[PDB]
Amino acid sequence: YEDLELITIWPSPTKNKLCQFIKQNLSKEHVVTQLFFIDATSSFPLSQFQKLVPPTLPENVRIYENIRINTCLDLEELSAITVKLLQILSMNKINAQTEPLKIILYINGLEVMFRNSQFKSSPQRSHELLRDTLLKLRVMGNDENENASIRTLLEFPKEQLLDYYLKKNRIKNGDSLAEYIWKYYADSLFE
């Protein structure tokens, strides 16, 4: 879990790889691992998740109780979620005077959230709120506390990361939000 970076971009993961990642990480013993899956479409791969991780098998009950789903349409709502996660972490660290809490924050659709706020507010306000929320998630995941941790993963389709795939070897108007984050906020990209 401590393999994960403070913020990692996962491009176009297949539904099977994502299910498998969740299953392996949330079945670790002697720790409480939670997945907060935050998305702009309500598209958690539930049908595949149920096949790979059947909720009718008693071993799987806890995994389902430790996944939290939120549909989040803009950066304002993402900032509010980030508030709630930081309340959860803070209160866990406090109360730890018991098994460590490990949160995986997984956000899909962040480019769509940015696009929504951008149209409801201003280009400056959008970039400012994006910046505040990601810098906050970095300092949160960097905290040396052993009782509660967070790691964030950002999913984007490959076609929004062409600067990466073209580097790793077109006509362009600026960076996509994915390229901008790859360059300015994310520690790594996991293929």
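Residues carry their position along the shown sequence, with the first being 1.
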**Continuity check for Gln87 and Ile88, given as deposited residues lacking coordinates between them** = none
**Request:** Between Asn169 and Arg170, determine how many residues of the deposited chain lack coordinates; answer none if the chain runs continuously, otherwise 1 to 3, 4 to 9, or 10 or more.
**Result:** 10 or more
**Residue range whose averaged C-alpha B-factor is higher in the record, 115 to 123 or 73 to 81** = 115 to 123
**Prompt:** 128 to 136 versus 158 to 166: which one carries the higher mean Cα B factor per the record?
**Reply:** 158 to 166
**Asked** Out of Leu57, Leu26, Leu153, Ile150, which shows the largest CA B-factor listed in the entry?
**Response** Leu57
**Fill in**
Chain thirds by Cα B factor, record data; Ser43 belongs to the highest
**Request:** Sorting the chain's modelled residues by C-alpha B-factor, tell me whether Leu101 ends up in the lowest, middle or highest third.
**Result:** middle
**Request:** Compare the C-alpha B factor of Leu35 with those of the other modelled residues in its chain, then answer lowest, middle or highest third.
**Result:** lowest
**Asked** By its CA B factor, does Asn142 count among the lowest, middle or highest third of the modelled residues in the chain?
**Response** lowest
